[PDB]
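Below you'll find only one chain, the form deposited in one PDB entry, shown as structure tokens.
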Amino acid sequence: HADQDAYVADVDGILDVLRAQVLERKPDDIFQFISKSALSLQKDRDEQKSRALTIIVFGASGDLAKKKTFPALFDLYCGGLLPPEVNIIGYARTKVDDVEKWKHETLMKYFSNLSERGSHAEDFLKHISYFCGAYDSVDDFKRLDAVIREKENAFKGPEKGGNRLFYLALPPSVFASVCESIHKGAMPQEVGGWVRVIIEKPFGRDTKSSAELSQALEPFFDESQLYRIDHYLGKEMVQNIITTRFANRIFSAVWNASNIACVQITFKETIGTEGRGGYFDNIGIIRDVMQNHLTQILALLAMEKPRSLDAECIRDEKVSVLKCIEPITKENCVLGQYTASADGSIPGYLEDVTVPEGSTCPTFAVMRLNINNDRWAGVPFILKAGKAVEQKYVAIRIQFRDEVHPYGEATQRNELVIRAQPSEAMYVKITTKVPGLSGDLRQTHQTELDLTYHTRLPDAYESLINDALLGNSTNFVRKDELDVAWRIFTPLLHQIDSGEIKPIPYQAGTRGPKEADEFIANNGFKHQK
């Protein structure tokens, strides 16, 4: 045969994936971990149809729309999470003389798993049309409204009107123009239907510019209609944070300063900005992922118990705890900027032709936040994010206060870890006895206890779009929430923009600046064993 080279190739394929999984979890029980992971790798081997639904994607010619938004709508479609009569309209200034060719040669190529999904892509494209128009024309939005109304009137069922989800896959400088135009020309039919508007980051760049944008949108849409989306906040992580704590006496009781020594929230990527460091260059890693994404995780982790599990009680508590956070100081922040990797594989951040010469834009930051309330006073909250570092990894790590007595050096800090990348996991680390008579009471082991552990759908982005269709605003930042968050970070961001602290170089592929790990060790973190 030549299939012998294919059987060997597959075998070596399963075994290398198993190798990487075992080497990540590092269980002492290698045999049973190998056993289950092979069994699991073989595994991988009417409320809402009641009304017409129209999705309008502004900026549909752009990078985000064709590479992420339309493919996510495709995945929701194939998962049967869109109603069967959904109509999707792309809206953009770009002339398109031939709409069917645009759908097939531009949009369809970025659809995922086109092999297995035979005939589903062409079915989905039937739900898509294109409107070439201006974002700031009231008349064009009246014309768009006539087109939407024709699609809503085709709905076969008895519910009148139609729901409209507007998706602003556009620079934020166009947001207020689009929302005014919708308000004046294309609100839902009076006979029935909601309007919801998905807004993309950046939501301003400091307290004053973000407040200006919110003030510009609020004449047109209220906080039950605006959905400020954070692509990275998956439903699974949020449920792990809320349910594992608040449904359980054991975890609820220790979620406080009497029991917790340190909290770290960490967002790491091996990729750099190598492609287009240029438009990262005026944002930097703090605005990019930490004032928005890591701070929402922080709010969900640190909030008081909400009055119910309803969306706005949860957002109420996110706002309440964020208000207890002192503005971060320049003394509590260490910045990095990555250079070329030791092996030359990854060029340095400045070696990008789209990055201005002499840029001091930070690609790495670690900072300490202080939450000054009864539950959290004195507990270090460390946020860390970095581009081009040693691994792809996103996790929460809670370190509990050590029980010095009576085990002494035979014990150490308990931990609770909630990981989103490279795979979902949630586990605790505690001291246990060692089985067998070889060990007296002082012979212990630091043991990991997995609540969940996945190998490396709908994804997080798709779950948020689905959340907006279902009217669930939990994972979206509210207007008041956003202002408080910007007030935590803006004094620091101003100090950085004045050069008061400056990034330390680090080679792509390392952990980052050595000073960042020194800062972490100085702010209450302790390494296991």
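Between two forms, the rigid core is defined as the largest C-alpha subset superposing within 1.5 Å. Quick note: we count residues from 1 along the sequence shown, nothing fancier.
Just so you know, the form deposited in another entry exists too; it's not on screen, but the next bit is about it.
Only one entry in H127, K201, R375, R117 has its C-alpha moved by 2 angstroms or more between this form and the one not shown when the rigid core is superposed, and that entry is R117. Fitting the two forms on the rigid core leaves the C-alpha of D440 displaced by at least 2 angstroms between this form and the one not shown.
Once the cores line up, the CA of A521 ends up less than 2 angstroms apart between this form and the one not shown.
In comparison with the shown form, the Cα-Cα distance of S115 and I55 decreases by at least 3 angstroms in the other entry.
A decrease of at least 3 Å in the separation of the C-alpha atoms of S115 and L64 is found in the other entry, compared with the displayed form.
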